[PDB]
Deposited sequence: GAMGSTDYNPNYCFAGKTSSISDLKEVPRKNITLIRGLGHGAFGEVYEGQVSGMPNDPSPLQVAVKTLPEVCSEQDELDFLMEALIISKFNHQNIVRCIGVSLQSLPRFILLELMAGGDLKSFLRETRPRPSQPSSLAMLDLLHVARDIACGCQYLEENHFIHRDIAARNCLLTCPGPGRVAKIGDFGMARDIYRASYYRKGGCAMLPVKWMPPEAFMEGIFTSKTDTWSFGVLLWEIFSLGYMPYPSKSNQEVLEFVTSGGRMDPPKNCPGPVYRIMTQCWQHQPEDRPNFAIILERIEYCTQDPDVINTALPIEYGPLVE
């Protein structure tokens, strides 16, 4: 049983697709697939898995199925009555955002306005989640996807594994994306996602760098609790960095909600001094 947006659903509300219509085309590093012809992404549940795993996998399908927003990957259906168990998802030809930023890094193509649109796209999805009282818990560039690598790309939140687990270890917590109260007290609110979006904003304008580059998890933990914060990414415009620093306010009540973040991202797309800033090569 899953609840969201005022309703409770179950494995039944999902759209079961008969296994016979589903064809795998590639591994994607998750597979490209076909449904008779619709092009989809197929998330597979290993047959070698525990019973906790099985329930983990079912919840994710219910979670993503209850969202209706252009910046959240669509759930096409499921194939759970056959093995291995499939979740069918919107295909995002652009791939994940962290790799795209790394491969598309300018070299001897991509401009400041493109990064702001990605940031706006993800901020729009987070607002939708916030307005519906869903806490993602793992906003990060690795969990965002792009429709296409070229112009007119749209970014969307693509993975909800963390929100399903707490619905898995100290060395596995995304500490570098978490605010103090989260890794200290295990408190999670919409203001948890605000902090994480700030780190995501740093990932975006650093063009795919790991946050707190030379630090370890425990170093970051002690750095952040003491009040330390990352420096601007190379060439990052001031107005963009100021969004990050507002997202990283120590007290959650001093952080902006996602409506304000969107508002400030849009004001940055209207500033020539911002969008005419060159990326580092």
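Asks: Unmodelled stretches of the deposited sequence, numbered from 1?
Replies: Absent from the structure are positions 1 to 10, 40 to 45, 53 to 59, 132 to 135, 195 to 201, 316 to 322.
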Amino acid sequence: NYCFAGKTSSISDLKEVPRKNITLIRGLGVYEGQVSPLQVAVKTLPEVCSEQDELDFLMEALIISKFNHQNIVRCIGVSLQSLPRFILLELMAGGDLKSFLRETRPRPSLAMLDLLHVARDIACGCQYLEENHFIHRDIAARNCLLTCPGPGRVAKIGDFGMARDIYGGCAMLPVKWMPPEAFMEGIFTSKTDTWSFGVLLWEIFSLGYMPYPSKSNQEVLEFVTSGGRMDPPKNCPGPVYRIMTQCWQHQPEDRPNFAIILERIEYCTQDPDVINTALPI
From here on, numbers count along this sequence of modelled residues.
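Each form is matched to the other, and the largest set of C-alpha atoms that superpose within 1.5 Å is called the rigid core.
Asks: Out of 87 to 95 and 158 to 166, which one drifts farther from the shown form in 5 other deposited structures of this protein in terms of CA positions, with the fit done on the rigid core?
Replies: Per-stretch check in 5 other deposited structures of this protein: the more divergent one is 158 to 166.
Asks: Look over 55 to 63 and 234 to 242 in the entry and identify the one with the greater average Cα temperature factor.
Replies: According to the PDB entry, the answer is 55 to 63.
Asks: Going by the mean C-alpha B-factor recorded in the entry, which is higher: 42 to 50 or 211 to 219?
Replies: Averaging CA B-factors over each stretch, the winner is 42 to 50.
Asks: In terms of CA temperature factor as recorded, identify the highest of 206, 71, 82, 194.
Replies: The record points to 82.
Asks: Ranking every modelled residue in this chain by its Cα temperature factor as given in the entry, which third contains residue 185?
Replies: For residue 185, the deposited C-alpha B-factor lands in the middle third.
Asks: Comparing against every modelled residue in the chain, figure out the third that the C-alpha B-factor of residue 165 lands in (lowest, middle or highest).
Replies: It belongs to the highest third of the chain when residues are ordered by C-alpha B-factor.
Asks: Relative to the other modelled residues of the same chain, rank the CA B-factor of residue 257 and answer lowest, middle or highest third.
Replies: Residue 257: CA B-factor falls in the lowest third of its chain.
Asks: Would you check the entry's CA temperature factor for residue 89 and let me know if it's in the chain's lowest, middle or highest third?
Replies: For residue 89, whose C-alpha B-factor we compare with every modelled residue in the chain, the answer is the middle third.
Asks: What third of the chain, by the recorded C-alpha B-factor, contains residue 34?
Replies: Within its chain, residue 34 is a highest-third residue by C-alpha B-factor, going by the deposited values.
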